[PDB]
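Below you'll find only one chain, the form deposited in one PDB entry, shown as structure tokens.
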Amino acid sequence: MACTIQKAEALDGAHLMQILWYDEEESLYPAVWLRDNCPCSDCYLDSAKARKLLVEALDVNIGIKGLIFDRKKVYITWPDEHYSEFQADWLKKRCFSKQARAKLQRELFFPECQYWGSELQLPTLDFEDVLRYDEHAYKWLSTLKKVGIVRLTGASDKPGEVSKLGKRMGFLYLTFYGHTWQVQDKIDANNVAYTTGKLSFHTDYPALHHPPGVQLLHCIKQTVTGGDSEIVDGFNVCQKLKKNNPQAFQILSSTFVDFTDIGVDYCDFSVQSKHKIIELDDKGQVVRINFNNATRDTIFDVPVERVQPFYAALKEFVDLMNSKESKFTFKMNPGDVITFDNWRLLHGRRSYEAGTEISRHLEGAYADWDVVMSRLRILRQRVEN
């Protein structure tokens, strides 16, 4: 009854097609949108699933010249004698009602998040299962998206595991630190990450205008002298900050902060960016947190009077991150991999002791969220079919 056509007709100077479905619901489709989306082989390249029709070919004032229908299809003639057929279910799916558009957006983008604090139960899967089974890899990425982190257990204690995950997704995101990189204490460290020092809460690579969406971190070797991990849900923290300190929230979401990274690794580099620490979409929703205190530049491009208040805002934000209600602490063991949303979570590390041998070794890599969502969409189709 819902995807079956009871009536189709041209309305409103023939600029609109209305469909009455057999459940009695009605849908409206602009004539211009129908012509733009003709699936015939002139207008649409089936092998690419792409529009061939040019904007230049489109009469924005077009109306339907003729229409007939049956229960599964509408058949339209256009004023220039072009002919189009549309399938009922295709049409139903692309209905312009708020409810139908939102439903489809949820299927495309998996928007649901579960916010968390110190009460987090760390979602956990087996590494080899994830590589072997689509049901597991599907659980992995959907949970990555929804919760922001998934731990995988049972990997080897050897380099190369994050690469296997990268291929399972599709491919890893290359940066100046390499395809993969080794988190360990290094002489003449080009990055505070490559020391035994404490890392306070940060996101990786705000020095790039497009920071890595997803981070993978694999414990090869762990130390007993420190080195615990800490995470916090940045979206949860920002919500608490907006409520507790609207003014600190307004400063962090409007102030451009300069980030910098100069050195040599995969390549020689001199990198500069500007970001709002709390990044809002056009509807005011937090979509990304951009913050590493190590790489925040000495250069600070704001008027002198805005400086101290910026710092006071940042301090509030960091205190919230550090609160016992927000943060979750755990310690990785050899064979553990964490995969997390590097746009939403902040992460850190406790200091540990330097020594003559390497007491501690992680391998990390990055992936792009579009690459991950692509794999998530394909996996879902496979597991539901």
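Between two forms, the rigid core is defined as the largest C-alpha subset superposing within 1.5 Å. Numbers follow the displayed sequence, beginning with 1.
Omitted here: the form deposited in another entry. The next part is about that form.
Core superposition between this form and the one not shown leaves every listed residue (197, 123, 213, 117) with a C-alpha shift below 2 angstroms except 197. With the core held fixed, the Cα of residue 355 is displaced between this form and the one not shown by 2 Å or more.
Once both forms are fitted on their rigid core, the CA atom of residue 185 lies 2 Å or more apart between this form and the one not shown. Residue displacement note: residue 226 has its CA displaced by at least 2 Å between this form and the one not shown (rigid core superposed).
In summary, the C-alpha positions of residue 186 and residue 153 converge in the other form, ending up at least 3 angstroms nearer each other than in this conformation. An increase of at least 3 Å in the separation of the C-alpha atoms of residue 195 and residue 273 is found in the other form, compared with the displayed form.
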